[PDB]
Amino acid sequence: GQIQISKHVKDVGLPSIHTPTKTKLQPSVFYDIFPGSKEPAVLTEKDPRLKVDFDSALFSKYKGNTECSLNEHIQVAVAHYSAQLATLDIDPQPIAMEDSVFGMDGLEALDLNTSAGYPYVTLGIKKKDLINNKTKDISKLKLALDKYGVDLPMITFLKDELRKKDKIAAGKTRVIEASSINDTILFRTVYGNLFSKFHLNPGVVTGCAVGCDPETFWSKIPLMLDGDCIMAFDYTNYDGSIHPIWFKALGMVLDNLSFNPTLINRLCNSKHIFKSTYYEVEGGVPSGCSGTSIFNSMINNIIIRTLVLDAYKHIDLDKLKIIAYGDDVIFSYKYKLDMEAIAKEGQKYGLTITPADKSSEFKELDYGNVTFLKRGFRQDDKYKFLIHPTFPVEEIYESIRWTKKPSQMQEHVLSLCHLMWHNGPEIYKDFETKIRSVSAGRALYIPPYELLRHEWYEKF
């Protein structure tokens, strides 16, 4: 996206916003027993590890929009995907505010711990002041919605997380844009029935994987994505590279389903505060707020359709099976397509597509080497039809080496075990032994391989 406006906060009647500058990340008890090189992302200009201007390296996410327009192919992609989603018969009416706050079927309750955004972050007001979870009373919230209204600036926080070592000195730390609670509630109100239907129906009709459980969903993917050709590739800066035309296209699908097609352009043309600067961006999807993962998935469905259409012009879209989780996508067609040919068609829209898993060349894929949500695919030993989701061993080793809270170590390690065992008993037994070499790991419950495997069979 492109920065259209940039102003000092004191010149437009706004205050400075103060965002956490120190990491909660700390070496854990397993730091010296597992290998790794990730460190907490730089969170401030004064970090001694920096070797670059911090504010410039963050604002490089925004480097212009390519000159392009709607075409017939994007248009047929819109009509095809729309007719597919109509199959679901989503209720276009808004949901009650009670359901937006405390949830309903397919819509998780609002997180009451994260920031409430502008203006509440400057007023000493948190979410639990607006919403009482004990009584389910939202009277304070309703007054704050009336008083402050909607379409408020997003606060851009810096994501406190582990990063590869080369991204530390280069000041390459991710930005998340926490929208106001006022606006998250508006988006849930308008689009809540769509969000619910997607979460409850991950697969090839929504074209979306949000709300899936990889443990059981992995077995279904080969059934859904039939056709001789399994395809996947990676995007460079997906969120930032999405031109305004893809929001018009998304607006058109929402309109075909009788949903508000306009609220969406507040994501496209967005307003922000970072520290002491107010700024506005045209293009790009704000990373980390209202319906982000679903809207990105829907947009990816449009892109993949139009890109295949641009590269090949006797295509049958009924046979182009797609599953997307935001920027991450896997798809199939009834016969072999050239992924390089399809990727090249992205350039004219301002999309940058490289081969999957940081590969050198665009090569053919099968389920033996394809990745989705960081995971590979491996047939079970006894039942070859059940597919293990395979989480990278390296990412588990780096994760275990750090904590944000030592008290919740039992939960942290158990989560890692549930990921790890899918890579096989040999790698899992090595994992267990290293954990039990220190006395803090001796104190934990570490599930045996056989109980994990038996528990998994029973989830199906």
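Start at 1 with the first residue shown and count on from there.
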Once average C-alpha B-factors are taken from the entry for 76-84 and 132-140, the winner is 132-140
Stretch with higher mean Cα temperature factor, 392-400 vs 47-55, is 47-55
Going by the entry, which of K248, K220, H199, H314 has the most elevated CA B factor? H314
Using the temperature factors in the entry, find which of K319, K172, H243, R188 has the highest value at its Cα atom. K172
In terms of its chain's C-alpha B-factors, the third that includes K374 is the lowest
Compared with the other modelled residues in the chain, in which third is the CA B-factor of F362? highest
Relative to the other modelled residues of the same chain, rank the CA B-factor of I125 and answer lowest, middle or highest third. highest
State the tercile, meaning the lowest, middle or highest third, of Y279 with respect to the CA B-factors recorded for its chain. lowest
Where the record places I33 (Cα B-factor, split into thirds across the chain): middle
